[PDB]
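So that you can tell them apart, the chains are marked A, B, C, D and E in the order they are listed, and the count of residues begins at 1 in each.
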Amino acid sequence: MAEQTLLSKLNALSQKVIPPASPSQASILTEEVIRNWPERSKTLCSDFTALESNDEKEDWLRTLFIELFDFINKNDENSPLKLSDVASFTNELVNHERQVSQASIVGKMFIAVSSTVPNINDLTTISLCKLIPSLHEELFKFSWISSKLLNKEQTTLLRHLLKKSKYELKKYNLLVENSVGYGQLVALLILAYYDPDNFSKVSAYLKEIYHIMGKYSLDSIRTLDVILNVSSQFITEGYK
Amino acid sequence: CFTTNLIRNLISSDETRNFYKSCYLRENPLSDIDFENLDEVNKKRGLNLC
Amino acid sequence: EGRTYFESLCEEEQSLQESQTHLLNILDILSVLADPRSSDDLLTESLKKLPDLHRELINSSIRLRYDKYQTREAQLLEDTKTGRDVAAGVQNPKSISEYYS
Amino acid sequence: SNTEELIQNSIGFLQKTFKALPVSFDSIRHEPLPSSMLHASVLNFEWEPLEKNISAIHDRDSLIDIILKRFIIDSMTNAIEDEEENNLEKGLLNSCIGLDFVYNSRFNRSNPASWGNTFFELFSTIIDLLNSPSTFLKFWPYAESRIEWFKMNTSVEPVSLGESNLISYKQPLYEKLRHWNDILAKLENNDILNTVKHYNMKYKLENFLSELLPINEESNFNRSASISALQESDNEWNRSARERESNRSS
Amino acid sequence: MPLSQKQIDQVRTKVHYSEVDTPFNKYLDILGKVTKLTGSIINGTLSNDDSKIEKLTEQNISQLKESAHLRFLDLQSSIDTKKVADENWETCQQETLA
């Protein structure tokens, strides 16, 4: 097996590709003679207002973000701090695409490309996304680079609100959490021991108990404690 | 009688008063609703409404 | 505009199937490169098909992740819509207060 | 052979062996299915779709989980060969038969922990596919008698009485308790359109999660004591316009 | 440490939009794996290492060929459950109002 996999190494580099400058050119032709980058920011923002269909305007939003992320992994092209060049541009885009629509189309498309392209280093991405202040809402709703962006004291409020409002059962364990729901449970048991008819309508008092502690979310352990606690005052006459 | 028994137990004792500290500072630390101190004249007056 | 939940999920039967047919053709290719009793041109012409399908596969995995984020924002709006949005719709208000009294 | 037609022969095979089984639905809610009623090959996974092939070089018990779930969803829809009333109970009977088969054939797995995640997965399929609060209270006697099967988490031998191997942030109850707390909040928001069967469904489901968990589980006894704000003994349909101008009488 | 009003509401929006999709994240693992392996054969770097999944095997690639058929049938069957379970909550809501 080790000899035949050297055949594939020769067959990959021989005939297959030219390093793509002519095949792969999305919206940028070259870096230097085209450069015009403050004014090239507007000519891509010019046609991006007059786009109607959402498919063909998001084929463009997708191919606009792909060629940038392959461009950062290679370095020393013209200037080192090109990360602030793109991050100044995208802040103009998000404030304009919140004007014509009410969504975050340019925001969510930034998350989907930053998660999928299998050449990017993850440490380089968090250094870029921290600087843009207009996309911090979309990072906290979505994919996981907001965990490393989160403050260490602010992390102990995540560990408390996750298992309080997603995992904690919403039931009421004391007699003060529902003074209305426990007040009708006792008065229904006071009533049931003052009936002459108490063996013909047993099952008419259970179906009113289950409708009381379903409407008000009463506990099932504290409720059996209240039934055994009221029915011990009336144990001399009604124990059947 | 259910919600008067709590005003007695929460003004007098100070471990019950310290338990409701944590449940209001954990759910919002920057709290607009405030309970922070003694309220001592309201301690003696509120214990007379019990 | 707004998107309907029954069609927002109906698109993700189709957006998932247009990504499934791209994944199956690539595993067809790598089966040819693995077989021992292969030949000189069958390994050559099949690898010529490979960077074509690599570009469409990565291009369809953004759309699968973009359409997932759309439903989570859409069915957290439905979770607020439940309530008394539909309560103030009945035009029979006199009989529904005589029944409760 | 194609992997898809391997599945399609298996669903039609399970329809044969589960139809001939002579048990009712009123006898399956209370008494469990006896393990000596099926053939000895079915509890060991030597099936007629799985003998003619040799191409099962992959997992076997991760393939069974997709057959048993596609058999359930294809048993809850189709009702249009006979009259509808007997056709609703034939959906739920094929559910409870296929859910006793996961418990009985748990030694014949390749893993005695790979049935604790299959039993909670198929049980959450039943609750979503079930369409009404009237049909919920018809099925739920199945899930109250077989409650000691839920506590034996990845252990083939049963827990004794009162012991439960279920903690609230681990693989069975980590994504299910987040999902069953949505139904219990979905049913709490409509405080106008709730019938009396919607309040009985909220009781039988919340009582089920309390017995599953220990009495000392941090998400069980309302640890952060929050007084309710929804204790409302009020009807909006009994109220017209909320008048505050004729303050005459006592 | 300070806690500001805007730094508290960045906690609560992470709490709302936190989902646990187990069949969806299992399928994106397979899409993430195959796009790594075939992203190296275009360059040529394939070696007997543990950074990728498998190198080249008629038995091990045939494992991923049937693990892509099983993980697709599970996501397709978990999207037909969400269609049904929101369909008959609307009719039950309407047959109470009507």
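Convention: a residue touches a chain if its C-beta (ideal position, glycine included) is under 8 Å from a C-beta of that chain, and two chains touch if they have at least 3 such contacts.
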- The pair out of A-B and A-E sharing more C-beta contacts is A-E
- Item | Centroid spacing, where centroids are CA-atom means, of chain B and chain E in whole angstrom | 48
- Query: Centre to centre, by mean C-alpha position, how many angstrom separate chain C and chain E?
  - Reply: 11
- Centre to centre, by mean C-alpha position, how many angstrom separate chain A and chain D? 27
- Can you check how far apart chain A and chain C are, centre to centre, with Cα atoms defining each centre and the answer in Å? 17
- Query: Which chain E residues touch at least two other chains?
  - Reply: 3, 8, 16-17, 35, 39, 41-42, 56, 62, 82, 93, 97
- Note on the structure: Listed in rising order, chain B residues that touch 2 or more other chains are 26-27, 29
- Note on the structure: For chain C, residue numbers touching 2 or more other chains are 33, 36, 47, 51, 58, 61, 65, 86
- Query: Taking all chains into account, which pairs touch?
  - Reply: A-B, A-C, A-D, A-E, B-D, B-E, C-D, C-E, D-E
- Message: Taking the touch rule as given, give the residues of chain A at its contact with chain B in the complex, in rising order.
- Response: 157, 160-161, 164, 175-176, 179, 182-183
- Touching chain D in the complex: which residues of chain E? 20, 22, 59, 62-63, 66-67, 69-70, 73-74, 77, 80-82, 84-85, 88-89, 92-93, 96-97
- Which part of chain D faces chain C closely enough to touch in the complex? 186, 189-190, 192-193, 235-240
- Item | chain E-touching residues of chain C, taken from the complex the two chains share | 5-6, 9-10, 12-13, 16, 19-20, 23-24, 26-27, 30-31, 33-36, 47, 50-51, 54, 57-58, 61, 64-65, 68, 72, 76, 86, 89-90
- List of chain D residues in touch with chain E within their complex: 3-4, 7, 57-59, 62-63, 66, 69-70, 73, 125, 128-129, 131-133, 174-175, 178, 186, 190, 193, 195
